[PDB]
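Asks: Take a look at the following structure, please.
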Amino acid sequence: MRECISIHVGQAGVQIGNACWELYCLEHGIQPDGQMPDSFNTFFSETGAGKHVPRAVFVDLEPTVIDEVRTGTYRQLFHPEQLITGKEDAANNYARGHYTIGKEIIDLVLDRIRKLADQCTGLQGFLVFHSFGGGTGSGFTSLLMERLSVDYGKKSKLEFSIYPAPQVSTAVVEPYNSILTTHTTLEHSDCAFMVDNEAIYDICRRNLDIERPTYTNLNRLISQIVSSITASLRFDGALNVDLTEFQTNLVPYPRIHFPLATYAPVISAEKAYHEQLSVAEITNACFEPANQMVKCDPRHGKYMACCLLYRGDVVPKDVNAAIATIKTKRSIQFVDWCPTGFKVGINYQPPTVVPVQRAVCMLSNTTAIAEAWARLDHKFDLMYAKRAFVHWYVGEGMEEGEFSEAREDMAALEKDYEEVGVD
Amino acid sequence: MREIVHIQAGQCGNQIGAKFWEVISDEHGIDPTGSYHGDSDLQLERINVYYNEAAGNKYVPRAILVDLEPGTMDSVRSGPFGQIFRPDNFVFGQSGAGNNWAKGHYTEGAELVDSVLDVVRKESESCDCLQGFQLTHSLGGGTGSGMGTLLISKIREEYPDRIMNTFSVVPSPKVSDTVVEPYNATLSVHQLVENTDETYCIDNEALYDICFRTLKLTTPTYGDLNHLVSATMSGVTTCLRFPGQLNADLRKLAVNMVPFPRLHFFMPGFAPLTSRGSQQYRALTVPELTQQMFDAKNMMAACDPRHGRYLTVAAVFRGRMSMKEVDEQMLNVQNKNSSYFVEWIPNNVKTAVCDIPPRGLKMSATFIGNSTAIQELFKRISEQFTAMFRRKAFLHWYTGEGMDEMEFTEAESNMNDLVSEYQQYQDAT
Amino acid sequence: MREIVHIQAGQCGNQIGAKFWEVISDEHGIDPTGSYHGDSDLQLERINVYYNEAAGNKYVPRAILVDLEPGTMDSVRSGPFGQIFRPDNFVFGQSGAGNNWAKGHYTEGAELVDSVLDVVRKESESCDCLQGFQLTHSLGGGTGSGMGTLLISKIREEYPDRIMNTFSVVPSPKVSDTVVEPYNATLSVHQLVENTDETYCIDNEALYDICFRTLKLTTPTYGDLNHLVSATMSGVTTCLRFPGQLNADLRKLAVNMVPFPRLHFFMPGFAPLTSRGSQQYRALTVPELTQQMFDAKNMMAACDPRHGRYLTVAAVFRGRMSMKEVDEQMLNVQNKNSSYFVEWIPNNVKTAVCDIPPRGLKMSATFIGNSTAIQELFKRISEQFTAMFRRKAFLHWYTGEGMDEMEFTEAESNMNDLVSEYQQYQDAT
Ligand SMILES: Nc1nc2c(ncn2[C@@H]2O[C@H](COP(=O)(O)CP(=O)(O)OP(=O)(O)O)[C@@H](O)[C@H]2O)c(=O)[nH]1
Ligand SMILES: Nc1nc2c(ncn2[C@@H]2O[C@H](COP(=O)(O)CP(=O)(O)OP(=O)(O)O)[C@@H](O)[C@H]2O)c(=O)[nH]1
Ligand SMILES: Nc1nc2c(ncn2[C@@H]2O[C@H](COP(=O)(O)OP(=O)(O)OP(=O)(O)O)[C@@H](O)[C@H]2O)c(=O)[nH]1
Ligand SMILES: [Mg+2]
Ligand SMILES: [Mg+2]
Ligand SMILES: [Mg+2]
């Protein structure tokens, strides 16, 4: 009766969704053919025959990666009216994804939403797997979110996004993407989510015993996070926290909606022993700086709000002693005027494995993330100091002052976390 | 006669009633189906007060189950004692309150309230004589905060003489399971101080403590967390459902205790409590049941009676027992803790003796306490309110529902009006 | 009536009580479980004084077991007579006193003392009439030194009239099992001389001697070392628990013996003692039980009565016996050892005759002695104190706990105040 649809924008989001719906089919026992040999209306719908289809929309301006789903192993799962392709990519140009090509096939993707919104009645959240690296994953992202608040307005819109890395950075105009996309995702998204590529590597290198990771394995870490956020809807625990509450819990002021995800425990197969993984053991590893997936030191700021989504085998009194430890420390410290800073969620379902006992997803809306914007503002100034690459965005119809209008917009964003940090 | 209509709300309070009606099932020999299997004919003599005897050897729980999402209603009907209820009475919404008081009281509270108030009317018409209404919910969630408090103001508009008791859990002192637990307390404080006749107040942390201090448990489940309140609620009306050497009911407990209608916020107490094997190495008699009550640790609300002053004391016993073994114990303990009480009441110990024990041990006692210790918890809660209010955070949700600061401020002032009055009689002696 | 509450401490004193309550078990027909199996109805007539009769044919040892590490409590509960106790009364810490008096009296002594003083209060409230408190501990260890002595000063603040006796082992004369045995004696001397009504004092070496001289044993275990004190403690109150031709109890032994409250440090004596086969080749009668007491070797405190002067003499007999067979023996032996006594008391021999023997031999006698021989042991102990004090060694532990030299010096002076007073009446005649 309760639903939560998903949209995938750009090439980086599709390869996230290739591992996500790989995991969801293994959750409810679904085959790649939509077949299984109760309450799962959030991510699936039933046909007239005994087949289930995903509530997913795959958009791309280049026809490459969607053919990898249209010819891959997960081929028969998807409705061919969902698989939407373009012809010419934005090709790491935000003005092409926002003005040139994305304005043409915008009619088809938005029409597929209401075709999914017929059978949905408990519409409780949206999923937009979009990166800020590629132009298609960013230029279409701004055009998509404008119509939905015109469409729904009151319904929830969540973005499990990918943060551009401060050191290991692939493309060139990746600093140009973030400042331009700021005005959309601060005025439409109810709670955006930042994940950096860079912190994943040492988790793969040290904690997962494989120094040289693959992008197939980078998606496996985030796909476990997205499932355990939905662990209250898809199942039944003693304390089920639905997605309406998170945007009401984690948001003290309606502009501040940038937490970070933290999955724990992250172990290897050989290190599955030499440990016991009690509920007090693993939550201290959550607040370890080298276990999070965002390159931000949590002891460089203060926590505004914290959330903990447990699964597996959990007794709350045993967690009650675990939370009592973290308030009674000193290197871990909160925003002082928020003394009630925990949101606990327990599900009695084990964390499934993709080819352990319990697992924790930590969601901490903190002030440690605010330094990451300043590391990216420093990138954007010098490339705009030369007026470099202006003839591509202006070459694809964009105002020069539209950079400058969004330039001060980050300063009003940055002064928020500075103001909340002091008493 | 004098039948009682049961209303639930929230998500915590439903699972308590999911255990509480199991307690009433074996306190009346009621099977999980709905038929009867008891042998003692004292059950059938007053069976009507918590059960409608339906047609054809049936008994249904006179209870109104209310939620705002179909999950918890599914969990009750699938597990134990779910088919015993009437499927007509599973009256529940589809949205979920979102852990917002204003969603449970203004927007989504107005929807399902009409479906409930006919069911309240259908039971109150069907009852021969009506005694009072009881409510089990939360003060931390959304559905337990707004939806239950919206009902009681409509019921006080209906019935002036009928009593009302809420077994509402106090928001937690130190652990913070709810992020907005002041915003679910303070907006719920104002409804409770106006038109609730007596109000039960249970801290979370002491319930963890009593399950750990006396019993010494390792993995306490909610089937054993919330079970202590289920025996507690049964001990309130256990003199109603069976005869005694000194009977009692919900009106006798009200007028004896509450000295002024703004001071009616009570604390429980239960005895005896043992371990699984450490149960025989103790003289489990009346003086052991005497001194097990009056200590600070037995209170399910975490408060020190040493840091406060009592006003009145009720005590409900169960099982056959003598009297001077009780009465001198119920007299002398006022003299050893002499300065802890207040001056202006002679013999503030109300005694109640039923003649039926629990299904189990031979004798049992239920303590109902009233003291000035609870107001010191609210000064923390008023601090927890103002800490999230001196920056005026979390307002745009309630602004999105529509509410001025004065409704927050006067309820905080009315919370301070509770502060100004439990301190007033405490300062007096 | 006149029930007695039992407190233990230390590590030696617990194993003594681990044997002593086995003695009281077969002196009342008490099984290892807690039920009753005796046949003589004189046991049940006064069973209450060392046992609470719990609910349902039960009997529990009215005893308070206290340690500071979970090892010795585990050894009691796993071995014999461990399930007979109440699991509520195993009240013990987790650190261990570290063989420091100041850890047992200042830092870690303040922690567990609140858990004990309710259990003392819970037993003293439950007792109909209270007689006095008894303590079995060490004077050499840490837990027996500080923790037991911290309790008794709090008890003298409670009860002025209740008697108090400590069966405290004297630190050893020649063998040095404890490195800091003056620092566990002298700081424990000051507590015993203030507010202990009578005080039992047993040397270690004579207990090795009596187990080797009379019995001629080869491998003496603590089950036979500490067993002699267990029969000794039972002979103190054996006229209380059963009728006699001349009864006695703990108050009759106090006021008869102690001539001035600073002189109350006593010595025991037990008879008869044989070998396994050398047990019939002796006329085990009253004159053999007469002369077995008064020699130097029977004293469990290693002291020579020839090198000292008595003040008073108590004697408690067990089993049926005549009187002129006793009385002339209890009169003539004062005249053969005439100069060894003191002048200013006529007939200093207190006689006590119960009418119940031990479970075993036909007649038995318990000697309670008081002499000036014990002060000569303290001059060794004051020398042992000053030998480790004239260099001022081992101070940084007590400095780390916090203590001036004057607390060491005045207690050494108060030890010398014991020297100045047992010598005073010895110099007098
Ligand atoms: N003693 C218990 N406390 C509980 C239990 N479940 C939740 N809680 C507490 O109750 C509070 C949450 O309230 P609810 O369980 O009633 C959530 P509710 O349906 O009222 O509203 P929503 O937030 O819209 O779901 C919070 O303080 C929890 O710590 C339980 O089974 N026992
Ligand atoms: N006659 C006996 N003397 C004993 C026995 N065990 C120890 N002792 C003596 O007692 C002294 C040691 O004291 P304890 O056994 O009570 C050690 P305690 O728990 O009091 O403190 P800690 O040093 O902190 O462990 C020392 O003089 C030993 O020689 C025993 O079973 N019998
Ligand atoms: N999360 C995630 N990010 C990836 C992966 N592979 C590449 N990326 C990042 O995704 C960004 C590139 O975005 P894309 O989605 O591939 O490109 P696009 O949005 O389709 O736009 P164009 O290819 O320029 O037309 C860069 O920052 C890459 O580091 C992956 O497997 N997972
Ligand atoms: Mg691409
Ligand atoms: Mg709920
Ligand atoms: Mg020891």
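Every residue, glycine as well, gets a Cβ built from its backbone with ideal geometry; the counts of neighbours run over all protein chains shown. What is reported rests on the model, the rules as stated and the sources as named; no laboratory instrument gave them.
Asks: Considering only segment A:28-50, state which residues are buried (at least 17 other Cβ atoms within 10 Å of the Cβ) and either in a helix (DSSP H, G or I) or not small (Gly, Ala, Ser) (or both).
Replies: Those that are buried (at least 17 other Cβ atoms within 10 Å of the Cβ) and either in a helix (DSSP H, G or I) or not small (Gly, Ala, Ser) (or both): A:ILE30, A:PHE40, A:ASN41, A:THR42, A:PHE43, A:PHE44.
Asks: OK, next. Could you please give the count of residues in segment C:85-97 that are closer than 14 Å to C:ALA9 by Cβ, more than 14 Å from chain B (Cβ to nearest Cβ) and not small (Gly, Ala, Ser)?
Replies: Within segment C:85-97, the first condition is being closer than 14 Å to C:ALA9 by Cβ, and the residues that meet it are C:89-93, C:96-97.
If we keep only those that are more than 14 Å from chain B (Cβ to nearest Cβ) too, we end up with C:92-93, C:96-97.
Applying the additional criterion that residues be not small (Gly, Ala, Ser) yields C:92.
Residues flagged as closer than 14 Å to C:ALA9 by Cβ, more than 14 Å from chain B (Cβ to nearest Cβ) and not small (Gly, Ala, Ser) within segment C:85-97 amount to 1.
Asks: Another question, if that's okay. Is one or more of the residues making up segment B:318-335 surrounded by fewer than 13 Cβ atoms within 10 Å (Cβ to Cβ) and part of a loop (DSSP other than H, G, I, E, B)?
Replies: Yes, some residue in segment B:318-335 is surrounded by fewer than 13 Cβ atoms within 10 Å (Cβ to Cβ) and part of a loop (DSSP other than H, G, I, E, B).
Asks: Would a scan of segment B:98-118 turn up a residue that is within 17 Å of the chain's Cα centre (by Cα), away from every other protein chain (no Cβ under 14 Å) and within 24 Å of B:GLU53 (Cβ to Cβ)?
Replies: Scanning segment B:98-118 turns up no residue that is within 17 Å of the chain's Cα centre (by Cα), away from every other protein chain (no Cβ under 14 Å) and within 24 Å of B:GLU53 (Cβ to Cβ).
Asks: Kindly indicate which of A:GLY97, A:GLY72 is out of contact with any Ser or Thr (no Cβ under 6 Å at 6 or more places or on another chain) and either within 13 Å of ligand 3 (Cβ to nearest atom) or under 22 Å from A:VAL354 (Cβ atoms) (or both). Spell out the reasoning first.
Replies: Working: A:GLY97 fails: out of contact with any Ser or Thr (no Cβ under 6 Å at 6 or more places or on another chain).
A:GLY72 is the lone residue from the list that is out of contact with any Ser or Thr (no Cβ under 6 Å at 6 or more places or on another chain) and either within 13 Å of ligand 3 (Cβ to nearest atom) or under 22 Å from A:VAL354 (Cβ atoms) (or both).
Asks: Moving on to the next point. Which one of these is assigned by CATH to the domain that holds A:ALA12, of a type in the set (A, V, I, L, M), within 16 Å of A:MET145 (Cα to Cα) and surrounded by 15 or more Cβ atoms within 10 Å (Cβ to Cβ): A:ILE101, A:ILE106, A:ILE84? Break it down into steps so the answer makes sense when it comes.
Replies: Working: A:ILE101 fails: within 16 Å of A:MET145 (Cα to Cα); A:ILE84 fails: within 16 Å of A:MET145 (Cα to Cα).
Just a single option satisfies the conditions, and that option is A:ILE106.
Asks: Might you check whether a residue that is within 14 Å of another protein chain (Cβ to nearest Cβ), under 17 Å from A:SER45 (Cβ atoms) and more than 16 Å from ligand 6 (Cβ to nearest atom) occurs anywhere in segment A:74-82? Let's see the steps before the verdict.
Replies: Of all residues in segment A:74-82, those within 14 Å of another protein chain (Cβ to nearest Cβ) come to none.
Taking every residue of segment A:74-82 in turn, none turns out to be within 14 Å of another protein chain (Cβ to nearest Cβ), under 17 Å from A:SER45 (Cβ atoms) and more than 16 Å from ligand 6 (Cβ to nearest atom).
Asks: Separate question: Within segment A:331-362, work out how many residues are of a type in the set (A, V, I, L, M, F, W, C) and closer than 15 Å to A:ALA272 by Cβ.
Replies: Applying the first criterion (of a type in the set (A, V, I, L, M, F, W, C)) to segment A:331-362 yields A:332, A:334-335, A:337-338, A:342, A:344, A:346, A:353-354, A:356, A:359-362.
Next, only the ones that are closer than 15 Å to A:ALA272 by Cβ stay: A:353, A:356, A:359.
Result for segment A:331-362: 3.
Asks: Sort out which residues of segment C:119-144 are within 14 Å of chain B (Cβ to nearest Cβ), buried (at least 17 other Cβ atoms within 10 Å of the Cβ) and either part of a loop (DSSP other than H, G, I, E, B) or within 16 Å of ligand 1 (Cβ to nearest atom) (or both), and write them in order of number.
Replies: C:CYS127
Asks: A:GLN35 passes all but one of (1) more than 22 Å from A:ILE229 (Cβ to Cβ); (2) within 24 Å of the chain's Cα centre (by Cα); (3) among the polar types (S, T, N, Q); which number fails?
Replies: With respect to (1) more than 22 Å from A:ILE229 (Cβ to Cβ); (2) within 24 Å of the chain's Cα centre (by Cα); (3) among the polar types (S, T, N, Q), A:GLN35 is out only on (2).
Asks: A further question follows. Does B:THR232 count as more than 10 Å from ligand 1 (Cβ to nearest atom), farther than 21 Å from B:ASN298 by Cβ and polar (S, T, N, Q)?
Replies: Details: more than 10 Å from ligand 1 (Cβ to nearest atom): yes; farther than 21 Å from B:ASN298 by Cβ: no; polar (S, T, N, Q): yes.
Spelling it out, it is not the case that B:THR232 is more than 10 Å from ligand 1 (Cβ to nearest atom), farther than 21 Å from B:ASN298 by Cβ and polar (S, T, N, Q).
Asks: Counting only residues that are within 14 Å of chain B (Cβ to nearest Cβ) and either closer than 16 Å to C:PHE20 by Cβ or within 16 Å of ligand 6 (Cβ to nearest atom) (or both), how many does segment C:65-84 have?
Replies: Residues in segment C:65-84 being within 14 Å of chain B (Cβ to nearest Cβ) and either closer than 16 Å to C:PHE20 by Cβ or within 16 Å of ligand 6 (Cβ to nearest atom) (or both): 4 in total.
Asks: Moving on to the next point. Please work out which residue is nearest to B:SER278 (Cα to Cα), limiting yourself to segment C:61-71 and to residues that are of a type outside the set (D, E, K, R) and surrounded by fewer than 20 Cβ atoms within 10 Å (Cβ to Cβ). So that I can check it myself, show each step before the final result.
Replies: Residues of segment C:61-71 that are of a type outside the set (D, E, K, R), as a first pass: C:61, C:63-66, C:68, C:70-71.
Now restrict to residues that are surrounded by fewer than 20 Cβ atoms within 10 Å (Cβ to Cβ): C:70-71.
Values: C:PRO70: 18, C:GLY71: 20 Å.
The qualifying residue nearest to B:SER278 (Cα to Cα) is C:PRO70.
Asks: If you don't mind, there's one more thing I want to ask. Only helices (runs of 4 or more DSSP H) wholly contained in segment A:174-268 count here; list those with 3 or more residues that are away from every other protein chain (no Cβ under 14 Å).
Replies: Details: elements: A:174-180, A:182-185, A:198-202, A:215-229, A:243-249.
Of the helices (runs of 4 or more DSSP H) lying wholly inside segment A:174-268, those with at least 3 residues that are away from every other protein chain (no Cβ under 14 Å) span A:174-180, A:182-185, A:198-202, A:215-229.
Asks: Let me ask something else about it. Of the residues that sit in segment A:127-158 and are closer than 25 Å to A:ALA370 by Cα and more than 13 Å from ligand 3 (Cβ to nearest atom), which one is nearest to the other protein chains (Cβ to nearest Cβ)?
Replies: If we filter segment A:127-158 for residues that are closer than 25 Å to A:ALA370 by Cα, which is where we start, we get A:127-135, A:137-139, A:141-142, A:145, A:156-158.
Cutting the leftovers down to more than 13 Å from ligand 3 (Cβ to nearest atom) gives us A:127, A:145, A:156-158.
Working: A:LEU127: 19, A:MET145: 20, A:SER156: 10, A:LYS157: 15, A:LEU158: 15 Å.
Here the residue is A:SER156.
Asks: Just give me the residues in segment A:104-157 being closer than 23 Å to B:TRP397 by Cβ and assigned to a loop (DSSP other than H, G, I, E, B), in sequence order.
Replies: Selection gives A:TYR152, A:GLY153, A:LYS154, A:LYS155, A:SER156, A:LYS157.
Asks: Still on this structure: State all residues of segment B:357-390 that are crowded, with 18+ Cβ neighbours inside 10 Å and of a type in the set (S, T, N, Q); if no residue qualifies, say none.
Replies: Within segment B:357-390, B:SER364, B:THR366, B:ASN370, B:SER371, B:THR372, B:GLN375, B:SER382, B:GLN384 meet the criteria.
Asks: Taking the stated definitions as given, is C:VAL180 aliphatic (A, V, I, L, M), on the phi < 0 side of the Ramachandran plot, touching a helix residue (DSSP H, G or I) at 6+ places or on another chain (Cβ under 9 Å) and surrounded by fewer than 16 Cβ atoms within 10 Å (Cβ to Cβ)? If you could, list the steps in order and put the result at the bottom.
Replies: Working: aliphatic (A, V, I, L, M): yes; on the phi < 0 side of the Ramachandran plot: yes; touching a helix residue (DSSP H, G or I) at 6+ places or on another chain (Cβ under 9 Å): yes; surrounded by fewer than 16 Cβ atoms within 10 Å (Cβ to Cβ): no.
Judged against the criteria, C:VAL180 is not a match.
Asks: Looking at segment B:403-415 only, could you name the residues that are more than 18 Å from B:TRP101 (Cα to Cα) and crowded, with 16+ Cβ neighbours inside 10 Å?
Replies: Step one: list which residues in segment B:403-415 are more than 18 Å from B:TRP101 (Cα to Cα), which gives B:413.
Listed by number, the list is empty, since nothing qualifies.
Asks: Can you tell me which of (1) on the phi > 0 side of the Ramachandran plot; (2) touching an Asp or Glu at 6+ places or on another chain (Cβ under 8 Å) is the one C:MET73 doesn't meet?
Replies: Of (1) on the phi > 0 side of the Ramachandran plot; (2) touching an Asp or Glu at 6+ places or on another chain (Cβ under 8 Å), only one is false for C:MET73: (1).
Asks: Which residue out of B:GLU401, B:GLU376 is charged (D, E, K, R) and under 21 Å from the mean Cα position of the chain (by Cα)?
Replies: Numbers: B:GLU401 fails: under 21 Å from the mean Cα position of the chain (by Cα).
When all the criteria are applied, what remains is B:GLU376.
Asks: Which numbered condition in (1) touching a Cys at 6+ places or on another chain (Cβ under 6 Å); (2) within 10 Å of chain A (Cβ to nearest Cβ) is the only one that B:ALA373 fails?
Replies: Only one criterion is unmet by B:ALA373, namely (2).
Asks: Within segment B:7-62, which residues are closer than 25 Å to B:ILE155 by Cβ, in a loop (DSSP other than H, G, I, E, B) and of a type in the set (S, T, N, Q)?
Replies: Hit for segment B:7-62 is B:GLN11, nothing else.
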